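Data block below; observations after.
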Amino acid sequence: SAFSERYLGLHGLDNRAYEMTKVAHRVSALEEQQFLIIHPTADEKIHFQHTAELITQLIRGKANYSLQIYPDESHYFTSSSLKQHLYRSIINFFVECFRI
Amino acid sequence: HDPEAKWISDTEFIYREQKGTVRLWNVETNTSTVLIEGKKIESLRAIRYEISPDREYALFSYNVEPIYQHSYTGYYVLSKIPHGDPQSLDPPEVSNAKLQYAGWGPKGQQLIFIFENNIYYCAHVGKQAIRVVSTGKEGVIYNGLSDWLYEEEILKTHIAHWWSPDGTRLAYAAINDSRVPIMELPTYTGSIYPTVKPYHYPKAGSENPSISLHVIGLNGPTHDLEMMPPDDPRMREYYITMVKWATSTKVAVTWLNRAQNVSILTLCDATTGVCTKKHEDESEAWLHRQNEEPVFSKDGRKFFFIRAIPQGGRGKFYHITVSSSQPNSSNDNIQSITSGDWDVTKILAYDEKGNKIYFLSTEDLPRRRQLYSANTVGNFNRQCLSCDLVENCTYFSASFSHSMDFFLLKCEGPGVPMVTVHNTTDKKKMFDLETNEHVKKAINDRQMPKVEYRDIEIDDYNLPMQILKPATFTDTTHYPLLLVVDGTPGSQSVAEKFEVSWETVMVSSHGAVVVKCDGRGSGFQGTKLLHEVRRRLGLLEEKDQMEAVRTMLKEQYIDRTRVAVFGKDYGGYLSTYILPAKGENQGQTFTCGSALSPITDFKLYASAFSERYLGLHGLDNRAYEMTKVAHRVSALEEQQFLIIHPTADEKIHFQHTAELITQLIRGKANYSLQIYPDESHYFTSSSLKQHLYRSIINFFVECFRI
Amino acid sequence: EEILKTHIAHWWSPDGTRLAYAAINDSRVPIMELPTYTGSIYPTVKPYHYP
């Protein structure tokens with residue numbers, strides 16, 4: 001709530017400030033973009049439910065994507081191995097999507 | 001559009017919908033009577049319809065919200081037999097409510113219905129619902145239904161109640177889950193604060209549900225009487241894998257111990273509830289074929305139960321055994337009616353007015369099923385009734401009537417499926433009940449893949465194997481290899497069944513060949529080639545698959561670079577366990593690998609599956625530390641891999657994937673992943689299924705194309 | 001995480017004699033349960049108040 005009401009106002013009275021903020025409006029097209037998501041299962045800041053709703057909307061829109069999931073990890077990756085694997089994974093995804 | 005007609009009497013069958021209305025046939029001379037019009041479309045789209053046994057009422061089940069493979073809970077509405085006057089079935093003192101199961105009786109208009117695990121019976125349809133049993137409790141105490149473990153693992157269905165032949169008493173199994181451990185599945189879509197869904201899922205090394213059999217009459221006090229199982233020291237924990245009415249008051253019940261190595265078949269009488277032990281069956285590894293119901297004659301004479309006779313070498317095959325009503329305790333009359341290098345898939349019925357027992361069996365090949373008739377007297381003549389009476393299918397499934405004079409036959413592959421009426425007297429084809437004419441023209445509309453077969457032999461074991469090709473093959477072009485396996489016990493991946501799936505579409509369009517090889521541990525192909533996988537589930541059949549690849553890589557028209565594997569459920573393990581690096585040079589066995597709901601830690605799975613094949617859990621059998629592909633999937637240096645798994649899976653819990661993922665993080669191996677939030681494992685909806693079909697081929701096309 | 005962004009919620013007096021500390025009641029805050037998989041054979045969700 002402390003973040004939502006800061007930029008969209010108090011909720012509970014149908015302020016009409018959240019319907020357009022859902023990303024499902026823009027992710028409809030996804031013509032040829034090789035999209036990807038990386039998420040930790042136990043994320044305490046941005047809940048897994050956000051990625052779940054995005055995946056549901058993507059399934060409804062029938063787009064192409066790949067997903068990587070960290071099983072029961074925290075948010076900021078205060079483990080050296082976790083950070084190393086994360087940077088390796090993003091470097092990979094970008095190099096296989098930049099290969100010509 | 002298969003009507004799947006049911007023989008009401010000696011000369012009539014149900015003839016359910018094929019293109020609309022529900023009509024009743026008469027075998028005498030092509031006589032048809034419409035019982036239900038095309039009003040099911042306007043009857044709120046009744047999903048499943050049944051008729052009263054006296055052919056006087058029709059029951060419609062609609063608005064179904066499935067929760068397991070067969071848990072079609074919904075709304076049940078009765079209606080008059082001609083048409084008109086719908087009436088929503090209701091529980092006592094309650095308005096319309098969702099129903100777990102109602103069913104129909106064998107005679108009259110009497111019916112039962114199960115609401116919130118409580119069976120309420122009505123002898124008269126006009127009579128309101130009355131209380132018959134109330135011990136059931138939501139999710140913990142059942143009555144006539146099966147929980148998850150009993151629904152899909154051992155009983156293989158949700159039918160846990162049996163009607164008496166005269167429609168006088170009901171025999172139901174009550175399941176107690178009070179001491180059964182409870183596991184919750186996450187919800188990611190419900191609301192702003194989604195909550196997990198908890199249900200009783202007995203894992204390996206846990207307490208199985210307490211099953212108690214009970215009988216209740218349909219009149220008077222309806223006092224409940226339970227049947228006492230035997231009391232051997234090694235079967236106190238038991239499963240009621242099967243039960244069948246011997247007569248209207250005598251019932252035959254099967255008890256399989258917790259170690260599932262001893263199965264006692266028993267008679268019980270509902271008047272007093274005591275059970276008279278009949279026979280016991282065991283083996284060196286385990287018991288098998290726990291749901292073959294023996295046929296009990298009109299006079300209660302010798303039932304014909306399939307069991308393990310030694311059958312010479314290659315293990316103890318499964319053949320029929322004759323047993324009288326009251327065999328002497330000194331010695332029974334066990335007699336092998338059938339004998340050969342095969343078994344009997346199912347027994348239809350025995351002609352009481354003669355010697356003609358009809359059964360579907362594998363007399364020709366383990367991968368083909370044929371109808372046959374044997375003689376119950378010393379002749380023992382297994383005559384052909386079907387025995388390839390149709391040139392194309394050579395696959396069969398038959399269903400007889402009360403006199404078994406007239407029976408329905410179904411081909412179902414490799415050609416377009418056939419539905420036909422036939423008689424055991426003349427073996428003449430009066431007319432085809434359903435021909436799938438749309439499928440008949442469609443099979444020639446497009447370029448269907450051509451099928452090939454190549455039997456393999458390893459050590460003293462024979463292994464069927466099947467191949468598909470795009471049927472427009474050119475020797476110059478190279479086509480990649482795709483290997484699909486299941487490997488689960490009691491299955492046959494290499495079958496001639498006709499089917500359209502992602503495999504056929506991919507073979508036709510993307511230009512690839514798919515190969516399926518049956519491995520060790522599969523049934524119907526010798527019980528010796530079944531029991532040898534005790535505590536060694538997975539390694540033998542994957543060795544067989546690797547040998548098949550090495551005997552497929554020799555083709556001049558195929559390339560070693562593009563080789564892919566697929567799996568699902570238990571095969572999800574196999575699709576991950578068949579990726580080594582042979583030697584040092586002959587690496588890159590599988591370029592792109594995929595699996596669905598893979599299992600890696602069998603101790604995180606059902607007790608009835610872990611203990612049955614890998615050994616009893618809780619004893620540290622050490623098969624629970626060697627059947628984990630996590631130590632095998634560790635290497636995976638450069639081969640990219642994919643996992644697809646719904647979030648709300650109940651067959652193989654998503655935890656199995658997540659732990660595996662952690663190993664990959666420790667393994668530092670490339671992988672992909674997809675999810676389906678809050679979706680079951682059986683893909684009820686069409687959109688989800690077609691999305692999965694699109695996704696698998698979209699993944700494969702990139703990993704093959706160069 | 002959102003407003004204070006500080007681990008500590010108590011402040012010492014300049015003379016080292018008193019403390020100013022904040023007490024937060026979370027009972028009326030709706031509770032979220034984070035799913036757990038790697039935990040055990042029967043993993044349980046971690047519950048906490050997440051407004």
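Chain labels run A, B, ... following the order of the structure tokens; each chain numbers its residues from 1, and ligands are numbered from 1 in the order shown.
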
Practice item. Considering only C-alpha atoms, return as a ChimeraX atom specification whatever protein or nucleic-acid residues lie within 10 Å of range 381-396 of chain B, sequence-local ones (same chain, fewer than 3 positions apart) excluded. Key: /B:337-339,355-361,363-364,367-378,409-419,422-427,495-498

Store the residues picked out above in a file with C-alpha atoms, as an mmCIF file, in the first residue's frame.
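New file again_23.cif:
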```
data_model
loop_
_atom_site.group_PDB
_atom_site.id
_atom_site.type_symbol
_atom_site.label_atom_id
_atom_site.label_comp_id
_atom_site.auth_asym_id
_atom_site.auth_seq_id
_atom_site.Cartn_x
_atom_site.Cartn_y
_atom_site.Cartn_z
ATOM 1 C CA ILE B 337 -8.290 -72.318 -18.768
ATOM 2 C CA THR B 338 -5.880 -70.245 -20.872
ATOM 3 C CA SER B 339 -2.234 -71.115 -21.466
ATOM 4 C CA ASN B 355 -18.817 -73.676 -22.509
ATOM 5 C CA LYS B 356 -17.959 -70.266 -23.985
ATOM 6 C CA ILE B 357 -15.895 -67.825 -21.912
ATOM 7 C CA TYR B 358 -15.288 -64.598 -23.842
ATOM 8 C CA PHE B 359 -12.238 -62.457 -23.126
ATOM 9 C CA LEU B 360 -9.925 -59.835 -24.585
ATOM 10 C CA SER B 361 -6.343 -61.103 -24.552
ATOM 11 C CA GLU B 363 -2.821 -64.306 -27.849
ATOM 12 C CA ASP B 364 -1.137 -62.967 -30.994
ATOM 13 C CA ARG B 367 1.076 -55.072 -28.432
ATOM 14 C CA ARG B 368 -2.230 -56.211 -29.980
ATOM 15 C CA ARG B 369 -5.507 -57.055 -28.242
ATOM 16 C CA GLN B 370 -7.883 -59.662 -29.668
ATOM 17 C CA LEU B 371 -11.249 -61.121 -28.716
ATOM 18 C CA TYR B 372 -11.305 -64.856 -28.046
ATOM 19 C CA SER B 373 -13.539 -67.575 -26.624
ATOM 20 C CA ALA B 374 -12.409 -70.605 -24.629
ATOM 21 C CA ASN B 375 -14.187 -73.740 -23.429
ATOM 22 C CA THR B 376 -14.528 -74.195 -19.667
ATOM 23 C CA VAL B 377 -14.549 -77.986 -20.008
ATOM 24 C CA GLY B 378 -11.458 -80.114 -20.657
ATOM 25 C CA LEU B 409 -16.793 -54.738 -31.117
ATOM 26 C CA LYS B 410 -14.391 -51.808 -31.496
ATOM 27 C CA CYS B 411 -11.200 -51.725 -33.566
ATOM 28 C CA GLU B 412 -9.534 -48.440 -32.504
ATOM 29 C CA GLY B 413 -6.430 -48.368 -34.668
ATOM 30 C CA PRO B 414 -4.110 -48.293 -36.404
ATOM 31 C CA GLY B 415 -6.857 -47.475 -38.879
ATOM 32 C CA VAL B 416 -9.898 -45.308 -38.325
ATOM 33 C CA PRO B 417 -11.738 -46.720 -35.275
ATOM 34 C CA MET B 418 -14.743 -48.938 -35.935
ATOM 35 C CA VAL B 419 -17.835 -49.578 -33.823
ATOM 36 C CA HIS B 422 -21.899 -58.740 -33.929
ATOM 37 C CA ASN B 423 -23.205 -62.064 -32.646
ATOM 38 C CA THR B 424 -21.469 -65.081 -31.145
ATOM 39 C CA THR B 425 -23.767 -67.431 -33.092
ATOM 40 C CA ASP B 426 -23.199 -66.404 -36.723
ATOM 41 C CA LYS B 427 -20.312 -63.908 -36.314
ATOM 42 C CA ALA B 495 1.040 -49.874 -29.255
ATOM 43 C CA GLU B 496 -0.770 -49.809 -32.595
ATOM 44 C CA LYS B 497 -3.407 -47.436 -31.207
ATOM 45 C CA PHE B 498 -4.651 -44.733 -33.562
#
```

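The list of chain A residues within 7 Å of chain B is residues 49, 52, 53, 56, 66, 67, 68 and 71 of chain A; this uses only C-alpha atoms.
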
Review point. Counting only C-alpha atoms, which residues from chain C have an atom at most 8 Å from any atom of chain A, and could you show them as an MDAnalysis selection string?
Key: chainID C and resid 2:3 34:38 51

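The two atoms in question, CA of residue 255 in chain B and CA of residue 235 in chain B, are spaced 8.2 Å apart.
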
Practice item. Counting only C-alpha atoms, collect the residues of chain C whose closest atom lies at most 12 Å from chain B, and write them out as a ChimeraX atom specification. Key: /C:29-51

Review point. Which residues in range 38-155 of chain B does DSSP call strand (DSSP E)? List them as a ChimeraX atom specification.
Key: /B:48-51,57-62,75-80,87-88,111-115,118-122,130-131
